[PDB]
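A.B. asks: experimental coordinates follow, after the sequence.
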Amino acid sequence: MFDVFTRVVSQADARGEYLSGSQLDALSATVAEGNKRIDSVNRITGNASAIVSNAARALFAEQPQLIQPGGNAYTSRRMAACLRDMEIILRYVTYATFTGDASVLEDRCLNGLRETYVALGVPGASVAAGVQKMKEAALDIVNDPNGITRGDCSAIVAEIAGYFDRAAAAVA
Amino acid sequence: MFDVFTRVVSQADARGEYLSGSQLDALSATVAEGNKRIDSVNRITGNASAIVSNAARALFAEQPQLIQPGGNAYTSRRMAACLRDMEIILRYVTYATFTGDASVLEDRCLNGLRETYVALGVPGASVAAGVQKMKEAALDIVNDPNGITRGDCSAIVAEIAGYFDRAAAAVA
Amino acid sequence: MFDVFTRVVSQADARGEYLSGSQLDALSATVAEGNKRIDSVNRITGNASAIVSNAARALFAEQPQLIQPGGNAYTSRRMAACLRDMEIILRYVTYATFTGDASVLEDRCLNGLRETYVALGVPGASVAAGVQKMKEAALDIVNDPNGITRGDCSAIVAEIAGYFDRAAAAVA
Amino acid sequence: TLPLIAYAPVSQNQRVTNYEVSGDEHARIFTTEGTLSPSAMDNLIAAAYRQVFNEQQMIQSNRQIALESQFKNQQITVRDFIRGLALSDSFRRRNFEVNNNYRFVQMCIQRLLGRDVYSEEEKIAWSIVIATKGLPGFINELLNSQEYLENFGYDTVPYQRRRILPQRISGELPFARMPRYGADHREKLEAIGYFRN
Amino acid sequence: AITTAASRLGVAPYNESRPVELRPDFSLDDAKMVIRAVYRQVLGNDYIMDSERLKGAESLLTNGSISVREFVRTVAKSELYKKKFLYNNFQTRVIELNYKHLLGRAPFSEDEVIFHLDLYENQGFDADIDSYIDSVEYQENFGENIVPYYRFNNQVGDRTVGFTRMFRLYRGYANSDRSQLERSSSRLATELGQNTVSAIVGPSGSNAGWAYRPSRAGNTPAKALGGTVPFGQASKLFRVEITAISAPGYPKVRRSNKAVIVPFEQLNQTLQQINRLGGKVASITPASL
Amino acid sequence: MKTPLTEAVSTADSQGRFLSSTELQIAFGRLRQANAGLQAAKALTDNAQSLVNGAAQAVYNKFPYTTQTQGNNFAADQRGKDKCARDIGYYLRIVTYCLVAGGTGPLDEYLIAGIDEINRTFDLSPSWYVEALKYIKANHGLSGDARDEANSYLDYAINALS
Amino acid sequence: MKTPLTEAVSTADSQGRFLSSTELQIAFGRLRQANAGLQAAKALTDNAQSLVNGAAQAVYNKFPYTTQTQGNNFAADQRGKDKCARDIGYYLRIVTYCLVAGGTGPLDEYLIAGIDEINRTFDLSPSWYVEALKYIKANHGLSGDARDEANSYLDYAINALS
Ligand SMILES: *[C@H](C)[C@H]1/C(=C/c2[nH]c(/C=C3N=C(/C=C4\NC(=O)C(CC)=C4C)C(C)=C\3CCC(=O)O)c(CCC(=O)O)c2C)NC(=O)[C@@H]1C
Ligand SMILES: *[C@H](C)[C@H]1/C(=C/c2[nH]c(/C=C3N=C(/C=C4\NC(=O)C(CC)=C4C)C(C)=C\3CCC(=O)O)c(CCC(=O)O)c2C)NC(=O)[C@@H]1C
Ligand SMILES: *[C@H](C)[C@H]1/C(=C/c2[nH]c(/C=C3N=C(/C=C4\NC(=O)C(CC)=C4C)C(C)=C\3CCC(=O)O)c(CCC(=O)O)c2C)NC(=O)[C@@H]1C
Ligand SMILES: *[C@H](C)[C@H]1/C(=C/c2[nH]c(/C=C3N=C(/C=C4\NC(=O)C(CC)=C4C)C(C)=C\3CCC(=O)O)c(CCC(=O)O)c2C)NC(=O)[C@@H]1C
Ligand SMILES: *[C@H](C)[C@H]1/C(=C/c2[nH]c(/C=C3N=C(/C=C4\NC(=O)C(CC)=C4C)C(C)=C\3CCC(=O)O)c(CCC(=O)O)c2C)NC(=O)[C@@H]1C
Ligand SMILES: *[C@H](C)[C@H]1/C(=C/c2[nH]c(/C=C3N=C(/C=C4\NC(=O)C(CC)=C4C)C(C)=C\3CCC(=O)O)c(CCC(=O)O)c2C)NC(=O)[C@@H]1C
Ligand SMILES: CCC1=C(C)/C(=C/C2=NC(=C\c3[nH]c(/C=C4\NC(=O)[C@H](C)[C@H]4CC)c(C)c3CCC(=O)O)/C(CCC(=O)O)=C2C)NC1=O
Ligand SMILES: CCC1=C(C)/C(=C/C2=NC(=C\c3[nH]c(/C=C4\NC(=O)[C@H](C)[C@H]4CC)c(C)c3CCC(=O)O)/C(CCC(=O)O)=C2C)NC1=O
Ligand SMILES: CCC1=C(C)/C(=C/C2=NC(=C\c3[nH]c(/C=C4\NC(=O)[C@H](C)[C@H]4CC)c(C)c3CCC(=O)O)/C(CCC(=O)O)=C2C)NC1=O
Ligand SMILES: CCC1=C(C)/C(=C/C2=NC(=C\c3[nH]c(/C=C4\NC(=O)[C@H](C)[C@H]4CC)c(C)c3CCC(=O)O)/C(CCC(=O)O)=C2C)NC1=O
Ligand SMILES: CCC1=C(C)/C(=C/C2=NC(=C\c3[nH]c(/C=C4\NC(=O)[C@H](C)[C@H]4CC)c(C)c3CCC(=O)O)/C(CCC(=O)O)=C2C)NC1=O
Ligand SMILES: CCC1=C(C)/C(=C/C2=NC(=C\c3[nH]c(/C=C4\NC(=O)[C@H](C)[C@H]4CC)c(C)c3CCC(=O)O)/C(CCC(=O)O)=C2C)NC1=O
Ligand SMILES: CCC1=C(C)/C(=C/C2=NC(=C\c3[nH]c(/C=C4\NC(=O)[C@H](C)[C@H]4CC)c(C)c3CCC(=O)O)/C(CCC(=O)O)=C2C)NC1=O
Ligand SMILES: CCC1=C(C)/C(=C/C2=NC(=C\c3[nH]c(/C=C4\NC(=O)[C@H](C)[C@H]4CC)c(C)c3CCC(=O)O)/C(CCC(=O)O)=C2C)NC1=O
């Protein structure tokens, strides 16, 4: 996998060049963003089970065809699979937020998830709706101003929204 | 897996017949050529590291695109894998020379080699050029008059050249 | 395995109460000591190959019966095994210095090493002598005042010395 | 690296040819080569858990959820699932950290190769494979071992091999009996302050 | 075009072969060569005896009473074509056969199978055959005077799924469509319903692992969902497709063809175990990123 | 039993290598977090008795049926209340252990591992311990650096039980 | 490659869990040391040509036999000197990559893995590159945390070569 440092290191190694000064200033800017990034990771990690449960509950309330008898989230095994699918997608969104690059989310989460969901008959649109529900829950928790120092945090929120967009796009 | 006798055995059994006198005399001529075959195997084995190093140096002098950064032979892991592939191809060419049949070469080295090289992005024509450099070094070392008793070794050397050409054609 | 924090945590849990105030102050003093601990770990890691090479040279120059023909450090496999053994022991000494506790050293490296050396015919007294020479080299490079800010590192030096002494006592 | 030091094989029941009909005391083949129901896949995963972690560490915290999900989708073989069980954090902490290299080699040989160690010399030989290549290097050596393959291959949960001979009430002791740690870690836990009354 | 893999994939005898077009004032050998090309392409390289040679349609083509397009239509309406391809096959197999014969390419999407099967059941086989012949693609590719031919090369308006499914249909120059590994089974039902693509396996002779066909169930998927995580320390993952494992035996080997995802670090060993086994590697595809 | 230092050593042992600069940075972060972790553990050690008593009272306030109906798993008698106070004291003590150690390792080897069969065999609701740890989150009294470190372990036990 | 962040994610993900406080202070140590690492990479980028030329001259001074006698593996002619300067530039560039990334991951997947068969096949003495890296240790000109990070990557390449 790659993070925000080894991405430009790998590009510099393939180009055979050193890191230019603008790349070093961009990496220093990511270092300055890093404390806010750690807070975002901590908040989604702390409220991960609530995010997964509330997003699943909203998804099954909006789409009762999943939980109906004969549905795709019907019975215990398929429901446990759906709940751990939300758990894994949220976990890899936090991983991509932590690294500052989507490479862990691209490779170790979404590489073949659409084809798997098509092969099993899993509705990828419902998974995308659940990913959007985890988007709105996690972004509401990260943007909560209580119990944390103030500051501009729109960039890490936009990065998390982009990771959630990537998770929702790669399932349907 | 076959050698020079086992191939004739398999063909005769697939025809369900005893070996004719022409096949027995051809195998007797192969037994007569066997001492020169052992000499060729011994010379390429004894100068294998020199063949691999000189062939790699000639290949990367002719193709400096591989050792420049952004190239396939760049970095110590990929170059170590490249030299390992050079000595592996040389090892199975010596195995084919020893057996007198290319079943070990096409079954135990070139099986899936081109698919591996294409999936890795390894330039198969560059590996073929290195195989040709090993061919030139090996047919130089085997045809050296000094240090060995003289004789006609056209057939075994043509067989070694055929092994090197089917090694180069299986990666190109 | 444990570290300097989890040893205290495990003792407090096994006794069945919270950490006392003075125990927390001792752990805070360990935290303040941690920068010099990290400096010592970095120096031992940076000169580890020199420590192993020089200590092995001094060990086989002080006592020559190990490298004599018929000796234990004789033969290239057994010589590389002895150098690798010193490499491993120094590595777990570095690990125990890093954790602040000898749990990784005792559990991973020193547990059952004496009977293993007895069964292999490896002289544990010579291994202890080599461990003492690595102790001398490591305490020489940790207490080197050049290239670092000045300060008292008596407890770190004593801790590395105690790790080396219990490594030497576990084989003798 | 270095070649493994030679160790002599000690006669065990798996060394000789098995002149038996499988019958009662055969270890059931848990294989994915036949197409399975999700229930049968769950019993195969539980069999792999029972082989690697024993019955005790079959708890929910020790379940490898993503590894199970990838194994159901046939992203990995049974051998790769067994590797992932051996590379699991729970396995490393519970079994590897509480043992030295010798007893962990004995544990992994019993729970992966399905046979006991021949002597202390085999434990000695593979303990330096642990000490240089890490736990992943050692597990990989054991899982790429011809023994593992000729016995279980790629698509079969490993099992104790030839534990009991035909028409025998009792045979060799089962591999389940072996504890996470030996008496050394027992007395070390006793010395740190546990287990007393 | 296809140059390096043309010898492996069988494209090269069609790379040096130009399309056969009947001129408006054509010679007799031109009509005979259009006859031979139509019998090779539309009847899919089946051996054609003299009893089934369709002398009437040949005679109508020879004097220009029908065009090459009408000759292709007539030999596709014929009972010989129907007993070769229609009467003993699934309707998806018939649809992909008519796509390979009349249009020289594999069916692209599920909607083509939908359209042709619905039109067949609504209006029969002849109406369906006429729909392949009276298609805009047929006129912009062959028109009225050119024999249909296999179109491996990229054109305007094609799909890249059709390139892979073409070699799912084309199994070599020395091969007929009736003489393939799935004897009557459609090769694109699971490729068009799921909209998936299997890896291209070349024909015999050039490719040692030519005989890999996937099972109907219990197949390893193409992309590694998970990446390096089940394998510990790894960088890239590759799906290896392995053919004809028979060295241990039935208890050990249940299936000759096996597809597995293996890392870089296990790649040498995997290749070695295939060689030791005697297996043949069909294709190796990068499964991770 | 994972800390930054034990995870760093076990990782470098898993590749069988010495401690690179990555492991030293891991120990640097452990050092910069450890003083706030020890201060939070000391403050929870001082407030432990009132925190366990208030957490037990909040659990009985949100779940009155534990104090009303009979049962072995309920706190209707003094034995059940003593078991519940002992359970919440175990939770708070292992949270302080996580604060001292600097990771979820004390929770993962002392309380989290096997807690589902604890709650399933003895018919204990995980929501009771969720409410107790939510009271501990609400009234631990820590601020800033020690607050976010302590709430990380408290929320980790929430996500394990829910 | 091997960084604090990728080891933290790979650890928490082979463990199959969310990023706990341990991986968070792994990131904290990465942020604590990363600015000094980027400044060290900037300084080595600024002085790279002079450092590589001086390191090559130090190799030609301590080991003069690479200058007189012939052979492909020596720097007697112009192209051998060019490939020696290219090798030392590779070494210094991967040292800058390690200072950017915060670990020896660029060294491991770019230079350390496979360098033994490099030195054995083409008959390159590792002591030459050892002396080149000691010259880079002598005259890189960094101080403080930038110096100890840079020296750790150089000595990691020393310990691999020696
Ligand atoms: C009844 C005894 C008490 C009660 C029940 C209650 N259950 C749910 C929600 C779910 N129940 C299930 C269970 C199953 N799903 C299955 O497919 C199978 C196997 C066939 C089982 C056993 C599931 C999956 C859910 C959640 C998804 C869904 O809503 O369908 C709720 C709702 C919880 C919510 O948050 O929306 C309730 C209330 N509640 C009581 O008070 C009774 C004592
Ligand atoms: C001679 C061609 C050049 C030379 C040699 C030199 N060698 C050493 C040290 C060692 N050599 C070995 C080799 C072996 N030990 C074995 O058991 C076997 C297999 C039977 C072999 C091949 C070993 C192990 C050592 C080190 C241990 C020891 O001192 O015995 C040295 C000394 C190095 C030192 O630092 O003390 C030297 C000088 N040196 C030259 O200049 C010649 C060109
Ligand atoms: C919940 C939002 C929806 C849903 C989900 C559902 N998923 C599955 C099965 C699988 N999901 C995965 C995904 C992953 N496994 C991994 O390891 C990773 C990354 C580490 C991912 C992204 C996989 C592999 C499977 C198959 C293996 C398994 O079962 O665990 C199911 C089960 C389908 C079945 O019948 O077998 C379900 C139900 N279903 C819904 O309806 C929601 C829209
Ligand atoms: C009706 C009781 C059930 C049902 C049917 C349904 N079928 C399809 C699609 C197809 N069916 C076929 C079957 C055949 N192809 C042949 O050649 C032959 C014999 C000559 C048969 C019997 C095929 C090929 C298709 C694909 C083409 C198409 O899509 O029309 C569908 C639509 C597929 C889709 O889901 O998009 C449906 C709905 N569906 C039911 O619920 C009933 C149980
Ligand atoms: C018998 C009438 C015909 C025949 C058979 C033949 N078969 C093989 C080899 C194999 N057969 C299998 C079959 C199975 N795999 C499974 O999982 C199952 C069901 C559980 C079955 C039935 C397999 C896997 C092999 C290869 C492994 C092995 O050797 O056992 C051969 C040997 C071919 C060879 O050695 O390469 C033969 C001869 N041959 C005939 O001519 C009859 C028409
Ligand atoms: C309190 C919030 C509520 C409550 C609790 C209650 N708990 C038990 C019994 C047990 N609790 C545990 C928990 C742990 N043991 C551990 O070692 C650890 C880690 C350090 C934990 C978290 C266990 C093991 C038991 C059972 C064994 C025992 O009795 O000690 C009971 C008794 C259940 C019984 O049947 O005897 C009760 C009542 N009950 C309430 O009503 C509160 C809301
Ligand atoms: C190990 C557990 C642990 C964590 C996770 C942690 C994070 C952490 N976040 C910080 C800052 C911060 N965190 C934020 C984040 C935000 N501000 C907002 O208003 C948004 C709601 C939100 C985005 C989610 C900001 C803006 C800062 C100050 C800027 C900065 O330091 O980068 C700081 C600097 C010290 C401080 O001022 O508090 C730390 C140490 N410290 C720890 O010990
Ligand atoms: C990015 C990781 C990486 C490294 C480290 C690397 C090293 C490397 N150095 C090489 C050669 C070489 N290196 C030298 C170096 C020297 N000769 C001397 O006398 C000096 C004392 C000394 C310099 C310190 C020479 C002379 C060669 C040429 C060897 C030959 O052509 O035979 C080669 C052989 C291929 C080639 O000619 O390029 C490699 C692969 N390659 C890599 O991809
Ligand atoms: C069964 C017998 C057998 C074969 C046939 C074999 C080939 C083989 N070559 C490989 C890699 C490789 N091979 C090369 C070779 C070259 N790169 C170039 O630029 C040159 C043209 C060429 C040498 C002349 C390189 C650079 C790699 C590594 C590619 C990478 O790391 O991405 C790999 C990937 C796994 C590994 O690196 O170990 C395999 C399996 N291994 C075996 O065990
Ligand atoms: C175990 C190591 C070993 C080996 C390998 C070996 C080989 C060997 N090669 C021989 C002959 C020979 N070898 C050659 C080979 C050649 N002549 C040439 O001028 C070409 C340069 C070259 C082809 C590479 C010839 C022509 C003979 C004599 C004909 C024959 O004996 O077959 C002989 C017969 C005895 C003799 O006259 O020397 C032996 C024993 N003996 C050993 O003990
Ligand atoms: C990632 C690589 C890296 C490391 C390892 C590192 C260590 C490091 N060691 C320090 C201090 C120190 N290091 C020592 C150590 C010693 N003093 C002595 O005279 C003894 C010879 C020796 C014991 C071995 C002392 C005394 C201090 C100052 C006290 C302290 O900061 O704890 C400091 C504080 C900043 C400074 O004043 O330099 C750092 C950052 N920084 C980095 O970036
Ligand atoms: C199938 C036959 C069979 C059995 C039953 C068996 C028992 C058994 N109990 C174990 C642990 C244990 N067994 C107990 C049981 C108790 N602890 C107490 O205080 C109570 C007196 C008692 C409950 C009745 C406990 C607590 C452990 C955990 C030891 C530990 O992991 O630290 C272990 C080691 C756990 C492991 O390796 O992961 C085994 C093998 N082994 C076998 O082969
Ligand atoms: C509609 C969408 C679509 C796509 C995308 C497509 C890709 C495509 N690229 C091809 C060939 C090719 N593509 C390349 C490309 C490259 N070679 C290199 O070395 C570079 C890395 C690279 C340029 C970036 C080459 C060289 C060929 C010819 C291969 C051959 O000669 O066999 C072919 C073979 C068919 C033909 O060329 O006629 C296809 C089908 N076909 C489609 O229908
Ligand atoms: C590229 C040039 C080319 C080749 C090589 C070729 C081979 C070829 N041989 C075929 C059939 C056949 N080939 C044979 C041959 C034999 N049966 C035996 O028992 C004997 C051992 C053997 C004769 C020596 C038979 C019997 C069939 C018909 C099989 C059937 O329809 O059932 C078919 C099937 C289509 C058809 O029947 O026309 C092809 C394509 N076709 C070609 O266009």
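C.D. replies: Ah, there it is. Residues are numbered from 1 along each chain as shown, chains lettered A, B, ... in the order given. Ligands and ions are numbered 1, 2, ... in the order given.
A.B. asks: pull the number of nearby residues for the closest residue to ligand 8 within chain D.
C.D. replies: Of all residues in chain D, residue D:1 sits closest to ligand 8, at 21.0 Å by C-beta to the nearest ligand atom. (Each C-beta comes from the backbone N, C-alpha and C, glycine too.) When counting by other C-beta atoms under 10 Å in any protein chain shown, one arrives at 11 neighbours for residue D:1.
A.B. asks: what does the one 5 residues further on give?
C.D. replies: Taking other C-beta under 10 Å as the neighbour definition, residue D:6 ends up with a count of 7.
A.B. asks: which helix or strand contains it?
C.D. replies: Assessed by DSSP states H and E, residue D:6 sits outside every helix and strand.
A.B. asks: how far away is it from residue A:26?
C.D. replies: Counting by C-beta to C-beta, to the nearest Å, the separation of residue D:6 from residue A:26 is 56 Å.
A.B. asks: now stretch F:129-146: buried residues?
C.D. replies: F:129-137, F:140, F:142, F:146 (16 or more other C-beta atoms under 10 Å in any protein chain shown).
A.B. asks: is residue D:181 in contact with residue D:100, as I believe?
C.D. replies: No: if you go by C-beta atoms under 8 Å, residue D:181 and residue D:100 don't touch, sitting 9.5 Å apart.
A.B. asks: biggest helix in chain F, by residue count?
C.D. replies: The longest helix of chain F (DSSP state H) is helix F:21-46.
A.B. asks: what comes up buried for stretch D:149-164?
C.D. replies: Residues of stretch D:149-164 classed as buried by neighbour count (16+ other C-beta under 10 Å): D:149, D:151-164.
A.B. asks: need the contact partners of that stretch.
C.D. replies: With C-beta atoms under 8 Å, 6 or more residues apart in numbering or on different chains as the test, stretch D:149-164 has contacts from D:12-14, D:18, D:25, D:27-33, D:44, D:47-48, D:51, D:77-79, D:82, D:110-115, D:148, D:170-172, D:174-175, E:248, E:252, E:254, E:258, E:260, E:273.
A.B. asks: give me the subset of those that also touch ligand 5.
C.D. replies: Taking C-beta under 6 Å from any ligand atom as the test, ligand 5 is in contact with residue E:254 out of the contacts of stretch D:149-164.
A.B. asks: need the buried ones from the contacts of stretch D:149-164 selected in ChimeraX.
C.D. replies: The buried subset of the contacts of stretch D:149-164, as determined by 16+ other C-beta under 10 Å, is captured in ChimeraX by this line:
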select /D:14,27,29,30,31,32,33,44,47,48,51,77,78,79,82,110,111,112,113,114,115,148,172,175 /E:252,258,260,273
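A.B. asks: what distance do you get for the residue in the stretch 101-250 of chain E positioned nearest to ligand 9 to residue F:64?
C.D. replies: Using C-beta to the nearest ligand atom, the closest approach of the stretch 101-250 of chain E to ligand 9 is made by residue E:236 at 7.3 Å. Residue E:236 sits 58 Å away from residue F:64 when distances are taken as C-beta to C-beta.
A.B. asks: of these two, who's got more company?
C.D. replies: Per other C-beta under 10 Å, whichever of residue E:236 and residue F:64 has more neighbours is residue E:236, with 18 against 10.
A.B. asks: surely the more buried one touches residue E:264?
C.D. replies: Yes: with contacts counted by C-beta under 8 Å, residue E:236 reaches residue E:264, the gap being 5.2 Å.
A.B. asks: sweet, I'm off.
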